[PDB]
Amino acid sequence: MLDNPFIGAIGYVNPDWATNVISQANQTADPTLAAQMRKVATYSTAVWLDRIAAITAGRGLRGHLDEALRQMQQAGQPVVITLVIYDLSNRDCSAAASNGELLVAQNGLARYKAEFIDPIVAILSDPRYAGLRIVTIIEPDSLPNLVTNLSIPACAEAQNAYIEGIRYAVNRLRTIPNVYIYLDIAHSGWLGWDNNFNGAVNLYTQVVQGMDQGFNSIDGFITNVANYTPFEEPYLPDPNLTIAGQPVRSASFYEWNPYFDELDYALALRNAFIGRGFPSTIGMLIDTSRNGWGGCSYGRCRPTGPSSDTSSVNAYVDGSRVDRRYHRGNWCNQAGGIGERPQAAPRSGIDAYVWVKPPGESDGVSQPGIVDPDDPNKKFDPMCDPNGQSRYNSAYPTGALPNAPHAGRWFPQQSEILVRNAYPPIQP
Ligand SMILES: [Li+]
Ligand SMILES: [Li+]
């Protein structure tokens, strides 16, 4: 088993996502933007298994793996395909409701094992796929809730199902020698504060220690999945820098969080886990699909230096940060930009920047009253309301784009914004 499956392999290109991108390009008036959209279709994005039906619907898990085999044969190089394992019972427990089909009180954990993990593992175990490198991102938006959100009944009730579900998933996947396993561990805007950071290190250490292979059960962690947090905040490199008698991390946008970006956060976690007994062979992934923050939106353009306004902490930080969101918890349908293209080992400790969330796919429908005919479990979330306030802090707008289709469906307007705002800009 490789130290890093992204070294010496080319990323899987999902033809179903790429078809949507190319269709968008053909509907794009601006010839420059259209050529950029066309180029985006050539990059590697992850295949999400977000419900039991995803295993067989359309080309299905087998179909994507067969396609990966074809790309491998054509390229004469190993292909690395990324899969997102995302169907825990009481999924996304801190949200008032989730699109996830399984509930703890309705045999959720048992069905997670028997109808979701087991058939996936049976497919991935097929000797036909032995030559691929298969990366599995384990359960976004799960464990970090057990650090910060246990006051919420759906999270407190989900504790064992999350722990036992994730242990089961990893234990079974570890029986397949070409599967590389990365646990999702949120992003800096969730677990950066000292108490959350230490609580997460404790929690994940306990979860992994209880797996069959202990600290050898996983290959690393991933941050920023489907989020927009920059990998680097180059004009705020020092969270303790004094402006107007106060450190810049005291700004309203950060609320004393010592981590402004995913590189610092991911590497700090990696060192902390190594300190707890994880082998130094662990590596971190960062989802850079939508965190470039080029172009202009939310009343600002990308900064090109520290703010000249040193009159207040907030003025300085707000003029210096590349993350332009109104509030760090604004996760739905943001007017961001595509980030760094997928690339292996960009810094020591980082296995790769990857695109897990596929750019252009919606984070959620933008108003209630509209049922998804193809998924009865998809539901409107107020964080996607373009006319609403953040639920995490109602002083701030959601920043969500209007006219969004249900989660996972192609979102023409956001796709154009994401490409136009790409950083570095897309090279057609
Ligand atoms: Li490694
Ligand atoms: Li930094």
**Report entry** Matching entry among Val354, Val322 (being under 17 Å from the mean Cα position of the chain (by Cα), among the β-branched types (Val, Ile, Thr) and under 21 Å from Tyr259 (Cα atoms))
**Finding:** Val354
Query raised in the report: Among all residue pairs at least 6 apart or on different chains, which show Cβ distances below 7 Å where the first residue, located in the range 103-127, is free of Cβ contacts under 8 Å to residues at least 60 places away in the same chain and farther than 18 Å from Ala154 by Cα and the second is charged (D, E, K, R) and surrounded by fewer than 20 Cβ atoms within 10 Å (Cβ to Cβ)?
Result: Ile117/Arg172; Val121/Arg172
**Report entry** Enumeration of residues in the range 225-274 that are within 16 Å of ligand 1 (Cβ to nearest atom) and either closer than 21 Å to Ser308 by Cα or touching a strand residue (DSSP E or B) at 6+ places or on another chain (Cβ under 8 Å) (or both)
**Finding:** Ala266, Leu267, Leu269, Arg270, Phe273
Query raised in the report: So, of the residues in the range 280-304 that are more than 20 Å from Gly399 (Cα to Cα) and hydrophobic (A, V, I, L, M, F, W, C), which turns out to be nearest to ligand 2 (Cβ to nearest atom)?
Result: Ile286
Query raised in the report: If we scan the range 85-106, do we find a residue that is in contact with a helix residue (DSSP H, G or I) (Cβ under 9 Å, 6 or more places away or on another chain), of a type in the set (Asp, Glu), in a helix (DSSP H, G or I) and over 22 Å from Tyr180 (Cα atoms)?
Result: no
Query - Test: residue in the range 162-171 that is within 16 Å of ligand 1 (Cβ to nearest atom) and either of a type in the set (D, E, K, R) or out of contact with any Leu (no Cβ under 7 Å at 6 or more places or on another chain) (or both) - result: yes
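Residue-by-condition table, conditions (1) of a type in the set (S, T, N, Q); (2) surrounded by 22 or more Cβ atoms within 10 Å (Cβ to Cβ); (3) touching a residue at least 24 places away in the same chain (Cβ under 8 Å); (4) touching a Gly at 6+ places or on another chain (Cβ under 7 Å):
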{"position": "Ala345", "(1), (2), (3), (4)": "no, no, yes, no"}
{"position": "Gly349", "(1), (2), (3), (4)": "no, no, yes, yes"}
{"position": "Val354", "(1), (2), (3), (4)": "no, yes, yes, no"}
{"position": "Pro358", "(1), (2), (3), (4)": "no, yes, yes, no"}
{"position": "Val365", "(1), (2), (3), (4)": "no, yes, yes, no"}
{"position": "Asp381", "(1), (2), (3), (4)": "no, yes, yes, yes"}
{"position": "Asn387", "(1), (2), (3), (4)": "yes, no, no, no"}
{"position": "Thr398", "(1), (2), (3), (4)": "yes, yes, yes, yes"}
{"position": "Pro402", "(1), (2), (3), (4)": "no, no, yes, no"}
**Report entry** Failed item, numbered, when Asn216 is tested on (1) polar (S, T, N, Q); (2) in contact with a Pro (Cβ under 8 Å, 6 or more places away or on another chain); (3) without any contact (Cβ under 8 Å) to a residue 12 or more places away in the chain
**Finding:** (3)
Query raised in the report: On the given criteria, is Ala29 in a loop (DSSP other than H, G, I, E, B), without any contact (Cβ under 8 Å) to a residue 12 or more places away in the chain, away from ligand 2 (no atom under 16 Å from the Cβ) and farther than 20 Å from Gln414 by Cβ?
Result: no
Query - Enumeration of residues in the range 2-17 that are in contact (Cβ under 8 Å) with a residue 60 or more places away in the chain, of a type in the set (A, V, I, L, M, F, W, C) and assigned to a loop (DSSP other than H, G, I, E, B) - result: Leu2, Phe6, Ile7, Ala9
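Counting neighbours? That spans all protein chains shown, and the Cβs are built from the backbone with ideal geometry, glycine included. Every read-out reported here was derived from the displayed coordinates using simple, explicitly stated rules and does not represent laboratory data.
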